[PDB]
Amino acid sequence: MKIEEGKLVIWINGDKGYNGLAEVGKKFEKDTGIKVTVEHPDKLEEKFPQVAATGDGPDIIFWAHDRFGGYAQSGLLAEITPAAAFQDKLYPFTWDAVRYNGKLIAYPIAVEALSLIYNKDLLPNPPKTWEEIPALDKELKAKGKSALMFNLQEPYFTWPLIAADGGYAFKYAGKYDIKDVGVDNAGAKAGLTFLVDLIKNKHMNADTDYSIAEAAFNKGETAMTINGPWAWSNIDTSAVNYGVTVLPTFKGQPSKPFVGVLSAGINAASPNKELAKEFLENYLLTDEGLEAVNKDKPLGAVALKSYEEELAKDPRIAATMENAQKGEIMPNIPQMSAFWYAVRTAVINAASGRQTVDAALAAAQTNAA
C-alpha cells in the first residue's frame, strides 16, 4: 500500500522474478509477523524520487546500481550496515558498485555484462582475439556469411573494445574522480581505430544497430554478435546452435564491458530500516531466497558466491560473470549522462568517416563536463 511502520513495501521492475520475490516475503511473513508487499509499478525508477519522502514510496527499491548514485546524492537512500562477514558472502567487486561518497547504499543482487555470442555451426571455435576477426570475415564472406555483427550505434555496446587497451569513463578508494576522464588516452584511440578499420575494411557496417545485428545472428547470417543475457531468449527461439563466451582480447588485454548490478536500496524515509535489513540479509541474499526469485524469472549471474557457483554450471552464466569480472563498473555518478552523449557522438562520427578518430575522441574528452 503506502508505507506503514511494521510492514515492508518493495518495488522491483516488471521483468524480474517479482512473484519469486513475493514467495520470499511470504516465508518472511511466516517466520516473523511481518507482512511484505512486492509491487512492480511502471516507471518505478522515475517515480521513486518524486514520491520517496512523502510516504508513497517503498521501503525497498531494486534497480540497476547506476541510478542509485543520483538517489544517494538527493538523500533518498539509507546507509547500509552489513557486517564484514555478510559482505564476504558476495563477490568483492559487487560492493564497489553500491558505494556513494564511500558509504554502502544498496545490497548487490545480480550482475550482467556483454559477452561474445557465436554460432557453433559456423564457427566451432570462437576467436580469442579481436585481431584475428578480419581474417575470419574473409573466410566467412567467401561462404556467403560474415564474422561479426553487433550494435554500433550505442557506446554501451562498443565500449568493451574502446576500453580494452586503457580506456575508462572516470577513474575510481571508493569514490570517482570527475576530473580524470579516460576517453582520449592511447588505449581508447587504438580501440576505436580498430573498430573503425573494421568498418573501413568492410567487415562491419556503420549503420548496424540492435535490430539489424539481432536479426542477422538469429537467422544464421553472421558467426558472432556481442550481447547480454537479456538477448538469450530470442536466440533460443531462433534455434541457432550458439555459445556464449569471454569477449575477445585486444592487444593481449581483456575486453572491458560495462557492469550493471541489480541492487536493493533502503528508503531513507523508511521507519522499517531494521526489518528491511533483516529481510534482505538472510532471507533474500541466501541460496533459497535467490532461488525462489530465479525460478520465477532468471537473474543471470548473482552477487552471492555460493549460488553463483551453482548457476555458473551453465557456461553462459559463467561467461557473463567472467566478462563482468574483467569489466568496468558503470559509474553511478550523474556526469555519466555527459559521458554517454559525448561518446555516442564520437563513435558515430568516427565510424561514419569524415571524422578523425583522434579528433572525435578529443572532442568527446571535452564534452564530459
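One rule holds for the numbers: they count along the sequence shown, beginning at 1.
Deposited residues lacking coordinates between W232 and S233 (none, 1 to 3, 4 to 9, 10 or more): Count of unmodelled residues in between: none.
Between 335-343 and 322-330 (mean CA B-factor, as deposited), the higher: Going by the record's values, the stretch with the higher mean is 335-343.
Which of 244-252 and 177-185 has higher mean CA B factor, as the PDB entry lists it: That would be 177-185.
Selection by C-alpha B-factor (highest) of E112, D207, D296, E274: By C-alpha B-factor in the record, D207 ranks first.
Deposited CA B-factor, highest of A64, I60, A301, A53: Of the options given, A53 has the highest CA B-factor in the PDB entry.
Third of chain Cα B-factors occupied by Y107: Answer is lowest: the recorded C-alpha B-factor places it there.
Ranked C-alpha temperature factor of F194 among modelled chain residues, by third: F194: CA B-factor falls in the middle third of its chain.
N119, C-alpha B-factor rank within chain (lowest, middle or highest third): Answer is middle: the recorded C-alpha B-factor places it there.
Position of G167 among the chain's modelled residues by C-alpha B-factor, lowest, middle or highest third: Highest third of the chain for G167's C-alpha B-factor.
Third of the chain's Cα B-factor distribution that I10 belongs to, per the entry: Lowest third, going by the recorded CA B-factors of the chain.
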